[PDB]
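Just below is one structure, and these are the notes that go with it.
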Amino acid sequence: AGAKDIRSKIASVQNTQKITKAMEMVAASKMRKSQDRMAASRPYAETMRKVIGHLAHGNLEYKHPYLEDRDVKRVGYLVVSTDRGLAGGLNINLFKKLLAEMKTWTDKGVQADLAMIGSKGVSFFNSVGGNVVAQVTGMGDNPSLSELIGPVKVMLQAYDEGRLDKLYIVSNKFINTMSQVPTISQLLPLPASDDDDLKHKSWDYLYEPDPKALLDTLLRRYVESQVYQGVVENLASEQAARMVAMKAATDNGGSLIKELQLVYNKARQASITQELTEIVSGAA
Amino acid sequence: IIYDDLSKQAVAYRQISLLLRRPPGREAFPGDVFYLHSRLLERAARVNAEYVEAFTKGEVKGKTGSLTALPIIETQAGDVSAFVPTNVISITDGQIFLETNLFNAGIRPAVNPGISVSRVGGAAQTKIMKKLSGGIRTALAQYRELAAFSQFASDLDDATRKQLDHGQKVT
Amino acid sequence: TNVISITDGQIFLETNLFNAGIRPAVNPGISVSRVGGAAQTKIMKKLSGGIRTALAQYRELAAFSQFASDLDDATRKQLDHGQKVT
Amino acid sequence: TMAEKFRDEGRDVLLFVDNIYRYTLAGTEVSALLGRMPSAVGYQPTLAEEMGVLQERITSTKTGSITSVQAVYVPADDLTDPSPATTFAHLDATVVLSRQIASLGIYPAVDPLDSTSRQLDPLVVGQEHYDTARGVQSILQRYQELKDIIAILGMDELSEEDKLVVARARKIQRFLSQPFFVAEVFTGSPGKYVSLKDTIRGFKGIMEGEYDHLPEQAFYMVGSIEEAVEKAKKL
Amino acid sequence: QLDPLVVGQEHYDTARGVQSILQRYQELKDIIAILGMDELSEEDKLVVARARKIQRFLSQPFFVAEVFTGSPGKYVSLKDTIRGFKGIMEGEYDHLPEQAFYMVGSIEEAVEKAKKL
Amino acid sequence: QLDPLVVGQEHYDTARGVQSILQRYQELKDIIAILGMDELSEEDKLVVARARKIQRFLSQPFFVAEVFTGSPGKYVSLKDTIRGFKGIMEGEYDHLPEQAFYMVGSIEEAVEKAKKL
Amino acid sequence: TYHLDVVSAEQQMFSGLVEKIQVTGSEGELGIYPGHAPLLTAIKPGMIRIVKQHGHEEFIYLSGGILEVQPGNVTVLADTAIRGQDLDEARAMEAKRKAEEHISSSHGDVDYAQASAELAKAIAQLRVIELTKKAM
């Protein structure tokens, strides 16, 4: 206590409030920019998926591995996580959801395998002891496809090499500025989609050089694009969670100044009283 | 008239009071410290033409006299809530707050806008200065808060960028 | 505030360090000894010079303890050395 | 004791005290001059009695009333200091003026959220007046935070309930403006005297969507609402 | 009397462990109150959750407080409390809800109460 | 009395330059702590490398402190002080390590010490 | 004329009506005119020639991609950087190495790095909850 120490603390709580207000403004702008960079990604994936749909399960079909439901000896996971704290409950809600289902799987005697995007997940699963075969970190607020090729190349190679039997991406889904749900979704073998190419009996492509050679690259590009989309949705969700977290923290700081100042007033009055009483009652 | 320190006057009044054994009050300043400055600064007045005519017995008739006062106060650590500094803020018509974080940064005179104000305002300001200077003060205040936000926030919008660099020109 | 002025040094024992387990609860950084090294054996005078700086750099980094997952691995070295010497 | 003379003539009086805090302080100075021991925070020992023997003559006798409007200064921004703590024990109402409501161009710049009166009780003011005041207060104090949503996320993010809440809060806020007979000098508009019934009706109206069909500037500086509509007629 | 030679090493180490982690909990409260609990390290949330368990397990229903709570009193021998607290600190009971520990006597009355939630 | 019209623009500009360098280094200390040093621009890494040397060079072995450290003491004229700091800030010594400046004295003794390390 | 979309995985690179294009298809250099029969091919890294209706030419550099033609729309699903099988395997080896050896890189968000450190410094040793008697 002592009025001056309490004043020196009130000053620092006000400073903290002035910091978190700025962090909330920054996050609220980066969220808009990140969800611009988000919706700019729809066209590539849509137009590649229509092509795959026509080419592989429309009016003719191919027996490529990625498209059919072989049995499950072990399962691979691509994990999207942030590189920055203060996001709130995002990352560990996601990690608890993952762990629940990787446990469910290993109950069946199957093994699970992980690849990590972002450093928070890396540190977490290196603490808990899950297996990580590849990782990429330090993407920051500028994810790019040039950097994702590595880990998903690893997971795909290990898929068609037989060492994996199913491939998932775990990530947060930015749905509303205020709500964001952790989701696990499957991207091998390829989830069936609606709108069969019944209308496309009208055309077929001049495949050059060969259709079986093209579909094999189209599917890789598609999977890479879905991983990138997941990374960017999670990156928008990171901002949309950090901003609400800093909102809450600014209101907690503002609600704590109101107690610190009552304690300060009490100390001020006590000091005035006990000084003036010492002067008067001490003199004669 | 410019009182160099109305703070060092309060201290001398306290001294010569406690040596006559008069009972003290808050901060050990004598009970009537407020009445010390009040009866001083309230002499800084503008007095109308009838008062001057009736005082000098008709030797001056058209004029109105006046006496401006600029009392100087010293604040510990920039605390304007202490006994004596807050007494005088209640007696005068405004305050110019000179900020150490500005002065040490070479901003001289370190006039802090927002916290410093004049309660007579533009009625005392010559028309041209009233016209040009109308918006300067709040512009600087908002620039000075925005320039604090900008400390963390790289990549600002180019509306706020044009606000910031302009405030910076004027500062 | 009289005896702190009269004496040649101070050993500040703190109740937070005492509760946390650090016993004896001497708080360096606050505590001082104006005679300093002239009151030591030259071995201790030699070795203890590095403890002062280990703890000084720790007390400068200590604020980040509650964010140590974030830190870079040079400051993490310095911080864990400070913890081990404490 | 001049107001008491006007009271005894059977009138109703209004007594303004330009600062009650300086009354308390003159009491402290005199006390220290007479040499009595200090009490709580340097204030005289008879603080509460010196205050009460004043504030206790301002009451409604059978013959007449004195009503007091007293400018209060609170030292050190502290509502616990013995001087405010004593004064507040006597006040029945409390109106706060705000710099922000002034900068927004609404006058008089009273603050509807911090102003209080311990006559706002269904027993003494009736249920309609009570719940109307409570409604407009809740309206404004939701708008108070919707405005900070808008500040950071932009107007687009709000539900289409909250956009109507904002559109009504803005019109309630405008309708609190009034032209005074004394303000003519400043704004040329002839001052209005708004009987209570008219205020209760105006706000019962705005708060329930009636008069959602006319613009917000038709409420500003108008007077009664049966004039707000006729101003709206000719924008 | 709380000295290893007066009270035995195990009791002493138990008391000092309880103090250590209640204190480490005290240091965390400011950052929890401002930034919310989610910014804690993953092995600090563990400390908070064990400290909040210990705080409850220090509670006890007295034989003279029946008038105020109805619940009957308990008499917890020493041998048994210094076992319960080791249980809580070493993470043996790290799977119970906090309210299992509120107003119970032995650790064996906490585990039962947890069957009722 | 630290203003141009009393001490000369030479001394004044050197003083304000040293204060500027140390201020920017204080800003960069925590970006270093959080992001590591390899993230800085390579003129910022020069601000750091020069700030550390300026920070060392302000130390000096006193004569009376000969009894605490056993080292002999040094007297440095104002000419050599201005010349030394004005040299460090201008990159005339980016080829020396930091420890060459600690408890050294004049600047001519920093170079004589660098050869020895 | 026909509508051409050049899109990467990241962002869209062109969209507008075209009179003709000339593209270096993997099998051979090819040219597409309005109504071209549906075709699907890889393409090699290199330029692509557009003529925006009213004949205004321009050139674009691609790292490869896939060209998909329908009668009224043609789309080049470009990509951000060269693709192969040696290069992708280099990337896969580096990514495994960064896990096998727990190499942790930093992000570049200097703004968060400044605000986080100012906040960690401000929030320290306040002990307010011992001082404000908030129970908690």
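Labels used: A, B, ... for chains in the order of the structure tokens, numbers from 1 for residues in each chain, and numbers from 1 for ligands as shown.
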Give me the residues near stretch 20-25 of chain E as an mmCIF file with C-alpha atoms, in the first residue's frame, where near means some atom within 9 Å (using only C-alpha atoms) and where sequence neighbours in that chain fewer than 5 positions away do not count.
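Generated file (out23.cif):
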```cif
data_model
loop_
_atom_site.group_PDB
_atom_site.id
_atom_site.type_symbol
_atom_site.label_atom_id
_atom_site.label_comp_id
_atom_site.auth_asym_id
_atom_site.auth_seq_id
_atom_site.Cartn_x
_atom_site.Cartn_y
_atom_site.Cartn_z
ATOM 1 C CA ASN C 16 7.369 -13.666 -1.416
ATOM 2 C CA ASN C 19 6.886 -18.530 0.464
ATOM 3 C CA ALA C 20 7.893 -19.527 -3.055
ATOM 4 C CA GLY C 21 10.579 -21.772 -1.561
ATOM 5 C CA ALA E 15 3.622 -28.533 3.948
ATOM 6 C CA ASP E 44 0.778 -23.600 -15.658
ATOM 7 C CA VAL E 47 -0.661 -25.513 -11.428
ATOM 8 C CA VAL E 48 -3.780 -23.360 -11.325
ATOM 9 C CA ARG E 50 -4.064 -28.142 -8.615
ATOM 10 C CA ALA E 51 -3.984 -25.014 -6.470
ATOM 11 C CA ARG E 52 -7.730 -24.609 -6.796
ATOM 12 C CA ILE E 54 -5.832 -27.759 -2.674
ATOM 13 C CA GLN E 55 -7.761 -24.641 -1.682
ATOM 14 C CA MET E 89 0.101 -32.635 -5.386
#
```
With the cut-off set at 8 Å and counting only C-alpha atoms, tabulate each residue of chain E with an atom at most that distance from an atom of chain G, showing the nearest atom pair and its distance in Å to one decimal, ordered by chain and increasing number, as a Markdown table.
```
| residue | atom | partner | partner_atom | distance |
| --- | --- | --- | --- | --- |
| E:27 | CA | G:127 | CA | 7.2 |
| E:29 | CA | G:129 | CA | 6.8 |
| E:30 | CA | G:129 | CA | 6.2 |
| E:31 | CA | G:123 | CA | 6.9 |
```
Using only C-alpha atoms, find each residue of chain A with at least one atom at most 8 Å away from an atom of chain G; report its shortest atom-to-atom pair and that distance in Å (one decimal), sort the rows by chain and rising residue number, and return the result as JSON lines.
```
{"residue": "A:1", "atom": "CA", "partner": "G:131", "partner_atom": "CA", "distance": 7.2}
{"residue": "A:9", "atom": "CA", "partner": "G:126", "partner_atom": "CA", "distance": 6.5}
{"residue": "A:12", "atom": "CA", "partner": "G:122", "partner_atom": "CA", "distance": 6.0}
{"residue": "A:13", "atom": "CA", "partner": "G:123", "partner_atom": "CA", "distance": 7.5}
{"residue": "A:15", "atom": "CA", "partner": "G:122", "partner_atom": "CA", "distance": 7.3}
{"residue": "A:16", "atom": "CA", "partner": "G:119", "partner_atom": "CA", "distance": 6.2}
{"residue": "A:19", "atom": "CA", "partner": "G:115", "partner_atom": "CA", "distance": 6.8}
{"residue": "A:23", "atom": "CA", "partner": "G:115", "partner_atom": "CA", "distance": 7.2}
{"residue": "A:37", "atom": "CA", "partner": "G:11", "partner_atom": "CA", "distance": 7.6}
{"residue": "A:40", "atom": "CA", "partner": "G:11", "partner_atom": "CA", "distance": 5.5}
{"residue": "A:41", "atom": "CA", "partner": "G:10", "partner_atom": "CA", "distance": 5.7}
{"residue": "A:43", "atom": "CA", "partner": "G:7", "partner_atom": "CA", "distance": 7.4}
{"residue": "A:44", "atom": "CA", "partner": "G:9", "partner_atom": "CA", "distance": 5.7}
{"residue": "A:45", "atom": "CA", "partner": "G:9", "partner_atom": "CA", "distance": 7.5}
{"residue": "A:48", "atom": "CA", "partner": "G:77", "partner_atom": "CA", "distance": 7.7}
{"residue": "A:83", "atom": "CA", "partner": "G:107", "partner_atom": "CA", "distance": 6.7}
{"residue": "A:84", "atom": "CA", "partner": "G:112", "partner_atom": "CA", "distance": 7.9}
{"residue": "A:119", "atom": "CA", "partner": "G:104", "partner_atom": "CA", "distance": 7.2}
{"residue": "A:132", "atom": "CA", "partner": "G:99", "partner_atom": "CA", "distance": 6.8}
{"residue": "A:133", "atom": "CA", "partner": "G:96", "partner_atom": "CA", "distance": 6.0}
{"residue": "A:134", "atom": "CA", "partner": "G:96", "partner_atom": "CA", "distance": 4.5}
{"residue": "A:135", "atom": "CA", "partner": "G:95", "partner_atom": "CA", "distance": 5.7}
{"residue": "A:136", "atom": "CA", "partner": "G:95", "partner_atom": "CA", "distance": 6.5}
{"residue": "A:137", "atom": "CA", "partner": "G:105", "partner_atom": "CA", "distance": 6.1}
{"residue": "A:138", "atom": "CA", "partner": "G:107", "partner_atom": "CA", "distance": 4.0}
{"residue": "A:139", "atom": "CA", "partner": "G:107", "partner_atom": "CA", "distance": 5.9}
{"residue": "A:140", "atom": "CA", "partner": "G:107", "partner_atom": "CA", "distance": 4.9}
{"residue": "A:141", "atom": "CA", "partner": "G:109", "partner_atom": "CA", "distance": 7.3}
{"residue": "A:144", "atom": "CA", "partner": "G:10", "partner_atom": "CA", "distance": 7.4}
{"residue": "A:145", "atom": "CA", "partner": "G:80", "partner_atom": "CA", "distance": 7.0}
{"residue": "A:146", "atom": "CA", "partner": "G:81", "partner_atom": "CA", "distance": 6.4}
{"residue": "A:149", "atom": "CA", "partner": "G:88", "partner_atom": "CA", "distance": 6.8}
{"residue": "A:150", "atom": "CA", "partner": "G:92", "partner_atom": "CA", "distance": 4.3}
{"residue": "A:151", "atom": "CA", "partner": "G:95", "partner_atom": "CA", "distance": 6.2}
{"residue": "A:153", "atom": "CA", "partner": "G:92", "partner_atom": "CA", "distance": 6.2}
{"residue": "A:154", "atom": "CA", "partner": "G:92", "partner_atom": "CA", "distance": 5.8}
{"residue": "A:203", "atom": "CA", "partner": "G:38", "partner_atom": "CA", "distance": 7.0}
{"residue": "A:204", "atom": "CA", "partner": "G:38", "partner_atom": "CA", "distance": 6.7}
{"residue": "A:205", "atom": "CA", "partner": "G:39", "partner_atom": "CA", "distance": 4.7}
{"residue": "A:206", "atom": "CA", "partner": "G:39", "partner_atom": "CA", "distance": 4.4}
{"residue": "A:207", "atom": "CA", "partner": "G:40", "partner_atom": "CA", "distance": 5.3}
{"residue": "A:208", "atom": "CA", "partner": "G:41", "partner_atom": "CA", "distance": 5.1}
{"residue": "A:209", "atom": "CA", "partner": "G:27", "partner_atom": "CA", "distance": 6.4}
{"residue": "A:214", "atom": "CA", "partner": "G:41", "partner_atom": "CA", "distance": 7.3}
{"residue": "A:225", "atom": "CA", "partner": "G:9", "partner_atom": "CA", "distance": 6.2}
{"residue": "A:259", "atom": "CA", "partner": "G:132", "partner_atom": "CA", "distance": 6.2}
{"residue": "A:260", "atom": "CA", "partner": "G:132", "partner_atom": "CA", "distance": 6.1}
{"residue": "A:263", "atom": "CA", "partner": "G:132", "partner_atom": "CA", "distance": 6.8}
```
Those of chain G in DSSP strand (DSSP E or B), formatted as a compact mmCIF listing (two decimals) with N, CA, C and O atoms, in the first residue's frame:
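Output contents, as saved in selection.txt:
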```
# COMPACT_ATOMS: atom_id res chain seq x y z
N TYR G 2 -13.66 -14.55 -76.48
CA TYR G 2 -13.95 -15.47 -75.39
C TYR G 2 -13.30 -14.96 -74.12
O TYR G 2 -12.41 -14.11 -74.14
N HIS G 3 -13.75 -15.52 -72.99
CA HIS G 3 -13.37 -15.05 -71.67
C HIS G 3 -12.23 -15.91 -71.13
O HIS G 3 -12.35 -17.14 -71.09
N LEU G 4 -11.15 -15.26 -70.71
CA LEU G 4 -9.96 -15.93 -70.21
C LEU G 4 -9.79 -15.61 -68.74
O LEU G 4 -9.86 -14.45 -68.34
N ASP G 5 -9.59 -16.65 -67.93
CA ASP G 5 -9.26 -16.51 -66.52
C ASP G 5 -7.90 -17.13 -66.25
O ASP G 5 -7.73 -18.34 -66.38
N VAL G 6 -6.95 -16.30 -65.83
CA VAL G 6 -5.67 -16.78 -65.34
C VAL G 6 -5.69 -16.63 -63.83
O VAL G 6 -5.73 -15.51 -63.32
N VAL G 7 -5.67 -17.75 -63.13
CA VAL G 7 -5.82 -17.78 -61.68
C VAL G 7 -4.70 -18.62 -61.10
O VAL G 7 -4.36 -19.68 -61.64
N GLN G 12 -5.99 -14.03 -58.20
CA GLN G 12 -6.37 -14.00 -59.61
C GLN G 12 -5.49 -13.03 -60.39
O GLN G 12 -5.25 -11.91 -59.94
N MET G 13 -5.02 -13.47 -61.56
CA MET G 13 -4.02 -12.72 -62.31
C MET G 13 -4.56 -12.05 -63.56
O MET G 13 -3.90 -11.15 -64.09
N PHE G 14 -5.72 -12.47 -64.07
CA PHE G 14 -6.31 -11.79 -65.21
C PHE G 14 -7.76 -12.23 -65.36
O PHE G 14 -8.14 -13.33 -64.97
N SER G 15 -8.57 -11.33 -65.91
CA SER G 15 -9.91 -11.68 -66.34
C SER G 15 -10.46 -10.62 -67.27
O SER G 15 -10.61 -9.46 -66.89
N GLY G 16 -10.79 -11.03 -68.49
CA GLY G 16 -11.30 -10.11 -69.49
C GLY G 16 -11.48 -10.87 -70.78
O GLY G 16 -11.03 -12.01 -70.92
N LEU G 17 -12.15 -10.23 -71.73
CA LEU G 17 -12.43 -10.89 -72.99
C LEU G 17 -11.22 -10.83 -73.90
O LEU G 17 -10.51 -9.83 -73.95
N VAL G 18 -11.01 -11.91 -74.64
CA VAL G 18 -9.82 -12.09 -75.45
C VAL G 18 -10.23 -12.47 -76.86
O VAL G 18 -11.27 -13.12 -77.06
N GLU G 19 -9.43 -12.05 -77.84
CA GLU G 19 -9.62 -12.48 -79.22
C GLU G 19 -8.85 -13.76 -79.52
O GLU G 19 -9.38 -14.65 -80.19
N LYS G 20 -7.62 -13.86 -79.04
CA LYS G 20 -6.84 -15.08 -79.19
C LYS G 20 -5.76 -15.08 -78.13
O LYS G 20 -5.40 -14.03 -77.58
N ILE G 21 -5.23 -16.27 -77.84
CA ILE G 21 -4.04 -16.41 -77.02
C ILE G 21 -3.13 -17.40 -77.71
O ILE G 21 -3.54 -18.15 -78.59
N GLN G 22 -1.87 -17.38 -77.30
CA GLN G 22 -0.91 -18.36 -77.76
C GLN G 22 -0.15 -18.88 -76.55
O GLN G 22 0.42 -18.09 -75.79
N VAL G 23 -0.22 -20.18 -76.28
CA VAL G 23 0.23 -20.80 -75.01
C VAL G 23 1.19 -21.93 -75.35
O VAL G 23 0.90 -22.64 -76.30
N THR G 24 2.24 -22.12 -74.57
CA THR G 24 3.24 -23.19 -74.80
C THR G 24 2.79 -24.47 -74.11
O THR G 24 3.38 -24.79 -73.10
N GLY G 25 1.87 -25.22 -74.70
CA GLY G 25 1.41 -26.50 -74.13
C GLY G 25 2.56 -27.47 -74.01
O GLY G 25 3.53 -27.31 -74.76
N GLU G 29 3.54 -26.11 -78.69
CA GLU G 29 3.01 -24.74 -78.61
C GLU G 29 1.66 -24.72 -79.30
O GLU G 29 1.63 -25.17 -80.44
N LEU G 30 0.65 -24.10 -78.71
CA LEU G 30 -0.73 -24.15 -79.21
C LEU G 30 -1.34 -22.75 -79.21
O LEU G 30 -0.79 -21.88 -78.55
N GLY G 31 -2.42 -22.55 -79.97
CA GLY G 31 -3.15 -21.30 -80.11
C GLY G 31 -4.65 -21.52 -80.12
O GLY G 31 -5.14 -22.42 -80.79
N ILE G 32 -5.39 -20.69 -79.38
CA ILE G 32 -6.80 -20.92 -79.09
C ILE G 32 -7.62 -19.77 -79.66
O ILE G 32 -7.36 -18.60 -79.34
N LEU G 39 -10.42 -28.79 -74.57
CA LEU G 39 -9.09 -29.35 -74.52
C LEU G 39 -8.53 -29.18 -73.12
O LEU G 39 -8.94 -28.29 -72.38
N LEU G 40 -7.58 -30.04 -72.76
CA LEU G 40 -7.02 -30.05 -71.42
C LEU G 40 -5.59 -30.54 -71.48
O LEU G 40 -5.34 -31.67 -71.93
N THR G 41 -4.66 -29.73 -71.01
CA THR G 41 -3.24 -30.04 -71.13
C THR G 41 -2.47 -29.32 -70.04
O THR G 41 -2.90 -28.29 -69.53
N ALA G 42 -1.32 -29.89 -69.68
CA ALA G 42 -0.35 -29.13 -68.91
C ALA G 42 0.27 -28.06 -69.80
O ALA G 42 0.01 -27.99 -71.00
N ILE G 43 1.09 -27.20 -69.19
CA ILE G 43 1.83 -26.19 -69.93
C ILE G 43 3.18 -25.99 -69.26
O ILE G 43 3.34 -26.20 -68.06
N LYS G 44 4.15 -25.58 -70.06
CA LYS G 44 5.51 -25.40 -69.58
C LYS G 44 5.71 -24.00 -69.03
O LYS G 44 5.00 -23.06 -69.40
N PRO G 45 6.69 -23.82 -68.15
CA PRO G 45 7.00 -22.46 -67.69
C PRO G 45 7.43 -21.60 -68.86
O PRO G 45 8.23 -22.01 -69.70
N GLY G 46 6.88 -20.40 -68.91
CA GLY G 46 7.16 -19.49 -70.00
C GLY G 46 6.07 -18.45 -70.11
O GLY G 46 5.17 -18.37 -69.28
N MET G 47 6.19 -17.65 -71.16
CA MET G 47 5.24 -16.56 -71.37
C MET G 47 3.92 -17.10 -71.91
O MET G 47 3.79 -18.26 -72.31
N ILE G 48 2.92 -16.23 -71.90
CA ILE G 48 1.65 -16.47 -72.56
C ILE G 48 1.23 -15.17 -73.23
O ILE G 48 1.39 -14.09 -72.65
N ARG G 49 0.70 -15.27 -74.44
CA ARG G 49 0.37 -14.10 -75.23
C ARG G 49 -1.13 -13.90 -75.25
O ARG G 49 -1.88 -14.80 -75.65
N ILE G 50 -1.57 -12.72 -74.83
CA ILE G 50 -2.97 -12.33 -74.86
C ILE G 50 -3.13 -11.20 -75.85
O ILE G 50 -2.19 -10.42 -76.06
N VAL G 51 -4.30 -11.11 -76.47
CA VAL G 51 -4.71 -9.91 -77.19
C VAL G 51 -6.08 -9.52 -76.68
O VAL G 51 -7.09 -10.13 -77.07
N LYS G 52 -6.13 -8.50 -75.84
CA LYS G 52 -7.40 -8.04 -75.31
C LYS G 52 -8.23 -7.45 -76.44
O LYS G 52 -7.71 -6.71 -77.28
N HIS G 56 -5.36 -5.41 -78.27
CA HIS G 56 -4.28 -4.90 -77.44
C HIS G 56 -3.55 -6.06 -76.76
O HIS G 56 -4.13 -6.79 -75.95
N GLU G 57 -2.28 -6.22 -77.12
CA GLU G 57 -1.47 -7.35 -76.68
C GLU G 57 -0.97 -7.17 -75.25
O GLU G 57 -0.91 -6.06 -74.73
N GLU G 58 -0.63 -8.29 -74.62
CA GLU G 58 0.19 -8.27 -73.42
C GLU G 58 0.77 -9.65 -73.19
O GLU G 58 0.31 -10.64 -73.76
N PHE G 59 1.80 -9.70 -72.36
CA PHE G 59 2.53 -10.92 -72.05
C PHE G 59 2.49 -11.17 -70.56
O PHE G 59 2.49 -10.22 -69.76
N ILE G 60 2.46 -12.43 -70.17
CA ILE G 60 2.46 -12.82 -68.77
C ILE G 60 3.40 -14.00 -68.59
O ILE G 60 3.47 -14.88 -69.45
N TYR G 61 4.13 -14.01 -67.48
CA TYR G 61 5.06 -15.07 -67.16
C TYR G 61 4.40 -16.04 -66.19
O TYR G 61 3.79 -15.61 -65.20
N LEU G 62 4.51 -17.33 -66.48
CA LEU G 62 3.92 -18.37 -65.66
C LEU G 62 4.99 -19.36 -65.24
O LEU G 62 5.99 -19.55 -65.94
N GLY G 65 1.45 -24.75 -65.07
CA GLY G 65 0.04 -24.76 -64.80
C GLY G 65 -0.70 -25.70 -65.71
O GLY G 65 -0.11 -26.60 -66.32
N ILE G 66 -2.01 -25.50 -65.79
CA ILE G 66 -2.89 -26.34 -66.59
C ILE G 66 -3.86 -25.44 -67.33
O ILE G 66 -4.42 -24.50 -66.75
N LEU G 67 -4.08 -25.73 -68.60
CA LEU G 67 -4.99 -24.97 -69.44
C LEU G 67 -6.21 -25.82 -69.73
O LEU G 67 -6.09 -26.93 -70.24
N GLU G 68 -7.39 -25.28 -69.42
CA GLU G 68 -8.64 -26.00 -69.59
C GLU G 68 -9.57 -25.16 -70.46
O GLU G 68 -9.96 -24.06 -70.07
N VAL G 69 -9.94 -25.70 -71.62
CA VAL G 69 -10.74 -24.98 -72.59
C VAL G 69 -12.14 -25.57 -72.63
O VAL G 69 -12.32 -26.79 -72.65
N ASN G 73 -15.41 -20.28 -72.44
CA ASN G 73 -14.47 -19.86 -71.42
C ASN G 73 -13.23 -20.73 -71.47
O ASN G 73 -13.32 -21.93 -71.70
N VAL G 74 -12.08 -20.11 -71.26
CA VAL G 74 -10.81 -20.81 -71.14
C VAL G 74 -10.12 -20.28 -69.90
O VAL G 74 -10.18 -19.09 -69.60
N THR G 75 -9.48 -21.18 -69.16
CA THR G 75 -8.90 -20.84 -67.87
C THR G 75 -7.53 -21.48 -67.75
O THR G 75 -7.36 -22.66 -68.05
N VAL G 76 -6.56 -20.71 -67.28
CA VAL G 76 -5.21 -21.19 -67.05
C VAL G 76 -5.01 -21.25 -65.54
O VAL G 76 -4.87 -20.21 -64.89
N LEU G 77 -4.98 -22.45 -64.99
CA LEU G 77 -4.79 -22.63 -63.55
C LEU G 77 -3.30 -22.56 -63.28
O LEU G 77 -2.61 -23.57 -63.11
```
Within 10 Å of chain C, which residues of chain F show up when using only C-alpha atoms, listed as a JSON list (two decimals) with N, CA and C atoms, in the first residue's frame?
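Saved as part.json:
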```
[["chain", "number", "residue", "atom", "x", "y", "z"],
["F", 30, "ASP", "N", 13.87, -5.54, -27.10],
["F", 30, "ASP", "CA", 12.80, -6.52, -26.94],
["F", 30, "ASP", "C", 12.38, -7.17, -28.24],
["F", 31, "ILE", "N", 12.47, -6.47, -29.37],
["F", 31, "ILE", "CA", 12.36, -7.16, -30.65],
["F", 31, "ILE", "C", 13.42, -8.23, -30.75],
["F", 32, "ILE", "N", 14.63, -7.95, -30.26],
["F", 32, "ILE", "CA", 15.65, -8.99, -30.21],
["F", 32, "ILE", "C", 15.18, -10.14, -29.34],
["F", 33, "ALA", "N", 14.74, -9.83, -28.13],
["F", 33, "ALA", "CA", 14.38, -10.89, -27.19],
["F", 33, "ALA", "C", 13.31, -11.81, -27.76],
["F", 34, "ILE", "N", 12.36, -11.25, -28.50],
["F", 34, "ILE", "CA", 11.22, -12.04, -28.96],
["F", 34, "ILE", "C", 11.49, -12.70, -30.30],
["F", 35, "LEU", "N", 12.13, -12.00, -31.24],
["F", 35, "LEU", "CA", 12.28, -12.48, -32.60],
["F", 35, "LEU", "C", 13.70, -12.90, -32.94],
["F", 36, "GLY", "N", 14.64, -12.79, -32.02],
["F", 36, "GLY", "CA", 16.02, -13.11, -32.33],
["F", 36, "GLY", "C", 16.67, -12.01, -33.16],
["F", 37, "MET", "N", 17.99, -12.07, -33.23],
["F", 37, "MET", "CA", 18.73, -10.98, -33.87],
["F", 37, "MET", "C", 18.78, -11.10, -35.38],
["F", 67, "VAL", "N", 42.16, -0.21, -6.05],
["F", 67, "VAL", "CA", 42.16, -1.12, -4.91],
["F", 67, "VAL", "C", 41.03, -2.14, -4.99],
["F", 68, "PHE", "N", 40.02, -1.90, -5.82],
["F", 68, "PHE", "CA", 38.95, -2.88, -6.01],
["F", 68, "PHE", "C", 39.25, -3.84, -7.15],
["F", 69, "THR", "N", 39.77, -3.33, -8.27],
["F", 69, "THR", "CA", 40.00, -4.15, -9.44],
["F", 69, "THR", "C", 41.47, -4.50, -9.66]]
```
Quick one: which chain B residues come within 9 Å of chain D, and what is the nearest atom pair for each with the distance in Å to one decimal, counting only C-alpha atoms, rows ordered by chain and ascending number, as CSV?
```
residue,atom,partner,partner_atom,distance
B:22,CA,D:33,CA,8.0
B:23,CA,D:32,CA,6.3
B:24,CA,D:32,CA,7.5
B:25,CA,D:42,CA,5.8
B:26,CA,D:42,CA,5.8
B:30,CA,D:32,CA,8.5
B:31,CA,D:29,CA,5.4
B:32,CA,D:29,CA,5.6
B:35,CA,D:29,CA,8.9
B:81,CA,D:76,CA,6.5
B:82,CA,D:76,CA,8.7
B:86,CA,D:76,CA,8.8
```
